[PDB]
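Residue numbers count from 1 along this sequence.
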Amino acid sequence: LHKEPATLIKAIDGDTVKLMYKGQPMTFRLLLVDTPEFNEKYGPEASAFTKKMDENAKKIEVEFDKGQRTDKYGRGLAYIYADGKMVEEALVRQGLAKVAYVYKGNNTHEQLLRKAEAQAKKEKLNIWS
Ligand SMILES: Cc1cn([C@H]2C[C@H](OP(=O)(O)O)[C@@H](COP(=O)(O)O)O2)c(=O)[nH]c1=O
Ligand SMILES: [Ca+2]
């Protein structure tokens, strides 16, 4: 897998972001995680976390996995990186997302994320508190 450029267009919520990719505006859904909806507990915190991470970043990159690149809703499915840091991993390490939606063709970074979840679980962070 390889990272490709994109630019922030706008924050949406904890696990969705509007990015420009290959010149075209697109909503991206972060692979392999589930943040709470904005109206759910830790939802606002998740949205804030991802907004800031993405806003502050000098450089956003997308990384498609091996499978499906767009979901049923037209959202691109990728891992997102902000200055080389995976947003999934950051969210999951803070207990602001669960590992989730792990489908067979598109699960390259499962265990990395699971490892992060375990440490958030142990620290009883946020979702785990
Ligand atoms: C993360 C991800 C979600 N989805 C779809 C499954 C879910 O369908 P349903 O809408 O039918 O529940 C929905 C969850 O996304 P959200 O958590 O953004 O709502 O998005 C995929 O199809 N592939 C994926 O890799
Ligand atoms: Ca969600």
Side-chain angles (χ1 to χ4, degrees):
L1 315 192
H2 69 285
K3 303 193 189 161
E4 300 177 53
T7 56
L8 183 58
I9 288 173
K10 204 181 173 30
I12 301 166
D13 78 347
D15 58 21
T16 62
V17 60
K18 188 70 91 164
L19 303 177
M20 194 180 291
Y21 167 73
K22 280 167 176 148
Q24 307 299 153
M26 228 162 129
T27 295
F28 277 85
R29 178 59 165 85
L30 262 55
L31 285 167
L32 298 195
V33 298
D34 194 31
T35 51
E37 304 294 316
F38 179 91
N39 70 304
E40 313 183 308
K41 59 169 130 298
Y42 305 111
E45 289 73 17
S47 301
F49 187 98
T50 298
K51 174 155 179 190
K52 171 156 202 276
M53 176 158 187
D54 283 339
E55 269 172 358
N56 289 1
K58 282 215 52 165
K59 162 160 126 175
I60 300 296
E61 296 167 275
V62 181
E63 176 182 69
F64 300 101
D65 212 308
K66 289 323 201 109
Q68 175 153 96
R69 293 199 179 186
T70 57
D71 71 11
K72 64 201 216 186
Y73 299 117
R75 308 181 295 186
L77 301 170
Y79 311 98
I80 309 306
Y81 293 90
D83 294 331
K85 302 288 198 74
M86 206 197 291
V87 181
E88 282 94 335
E89 185 176 49
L91 279 164
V92 172
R93 179 65 182 81
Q94 295 314 119
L96 287 177
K98 293 187 170 174
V99 174
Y101 294 110
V102 178
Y103 297 94
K104 216 182 77 74
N106 257 355
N107 72 336
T108 300
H109 303 304
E110 192 184 355
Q111 293 304 133
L112 184 60
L113 293 172
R114 290 224 179 258
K115 172 60 166 300
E117 182 165 286
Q119 198 64 223
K121 212 107 74 177
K122 301 205 220 75
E123 275 152 44
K124 306 305 166 65
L125 283 180
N126 288 129
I127 290 165
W128 311 114
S129 90

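The aromatic rings of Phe28 and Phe64 are tilted relative to each other, their planes meeting at an angle between 30° and 60°.
Side-chain atoms of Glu88 come within 3.5 Å of backbone atoms of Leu31 as a donor-acceptor pair (strictly under, hydrogens ignored). Judged by distance alone, with hydrogens and angles left aside, the side-chain atoms of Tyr81 form no donor-acceptor pair with the main-chain N or O of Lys3 at under 3.5 Å. Looking only at distances, a side-chain donor or acceptor of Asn106 sits under 3.5 Å from a matching main-chain atom of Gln68. Distance alone, capped at 3.5 Å, places no donor-acceptor pair between the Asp65 side chain and the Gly67 backbone.
In terms of heavy-atom proximity, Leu1 sits nearest to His109 at CD1-NE2, 4.1 Å. In terms of heavy atoms, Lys66 sits closest to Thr108 at CG-OG1, 4.4 Å. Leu30 approaches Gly14 most closely through the heavy-atom pair CD2-O, 4.3 Å. Shortest non-hydrogen contact noted between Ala82 and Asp54 is CB-OD1, 4.2 Å. Across all their heavy atoms, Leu19 and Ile9 have their closest contact at C-CD1, 3.6 Å. For the residue pair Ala120 and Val92, the shortest heavy atom distance occurs at CB-O, 3.3 Å.
For residues 31-43, the set of pairs meeting the salt bridge (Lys or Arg N to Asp or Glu O under 4.0 Å) definition, not counting sequence neighbours, comprises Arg29-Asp34. For residues 94-104, the set of pairs meeting the salt bridge (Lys or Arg N to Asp or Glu O under 4.0 Å) definition, not counting sequence neighbours, is empty.
Between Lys85 and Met53 the shortest side-chain heavy-atom distance falls below 4.5 Å. Proximity of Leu96 to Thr35: side-chain heavy atoms (C-beta onward) are nowhere separated by under 4.5 Å. Using a 4.5 Å heavy-atom threshold, the side chains of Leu77 and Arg69 count as separate. Within the 4.5 Å cutoff, side-chain heavy atoms of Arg93 are placed close to those of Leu125.
From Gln119, atom CD reaches atom CZ of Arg114 across 16.0 Å, with rounding to the nearest 0.5 Å. Put simply, CD on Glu89 and CD on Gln94 are 11.0 Å apart, with the number rounded to the nearest 0.5 Å. Here NZ of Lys59 is found 15.5 Å from CG of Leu8. Values are rounded to the nearest 0.5 Å.
Residues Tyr21 and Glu4 have side chains that bring a donor and an acceptor to within less than 3.5 angstrom of each other.
Residues forming a side chain to side chain contact (heavy atoms under 4.5 Å, CB included) with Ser47 (at least two apart in sequence, or on another chain): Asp13, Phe38.
Linking ILVMFWY side-chain heavy atoms closer than 4.5 Å, directly or via other members, places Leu113 and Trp128 in a single hydrophobic cluster. Clustering ILVMFWY residues whenever any of their side-chain heavy atoms sit less than 4.5 angstrom apart, transitively, puts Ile80 in a cluster other than the one holding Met20. Neither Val87 nor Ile12 shares a network with the other; the hydrophobic side chains, linked directly or stepwise wherever heavy atoms of I, L, V, M, F, W or Y lie under 4.5 Å apart, form separate groups for each. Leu91 and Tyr101 are members of different hydrophobic clusters when ILVMFWY side chains are connected at heavy-atom separations under 4.5 Å.
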Open item on the list: For a side chain to side chain contact (heavy atoms under 4.5 Å, CB included) check, start with the C-alpha distance between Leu32 and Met86, then their side-chain angles and the critical distance, and finish with the verdict.
Closed with: CA-CA 12 Å; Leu32 298 195; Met86 206 197 291; over 6 Å; no
TODO: Please report the C-alpha distance between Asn126 and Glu45 in whole Å, then the side-chain angles of each, then the deciding distance to 0.1 Å, and finally whether the side chain to side chain contact (heavy atoms under 4.5 Å, CB included) criterion is met.
DONE: CA-CA 9 Å; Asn126 288 129; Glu45 289 73 17; 5.6 Å; no
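Atom NZ of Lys124 is surrounded by 12 or fewer heavy atoms from other residues, nucleotides or ligands within 6.0 Å.
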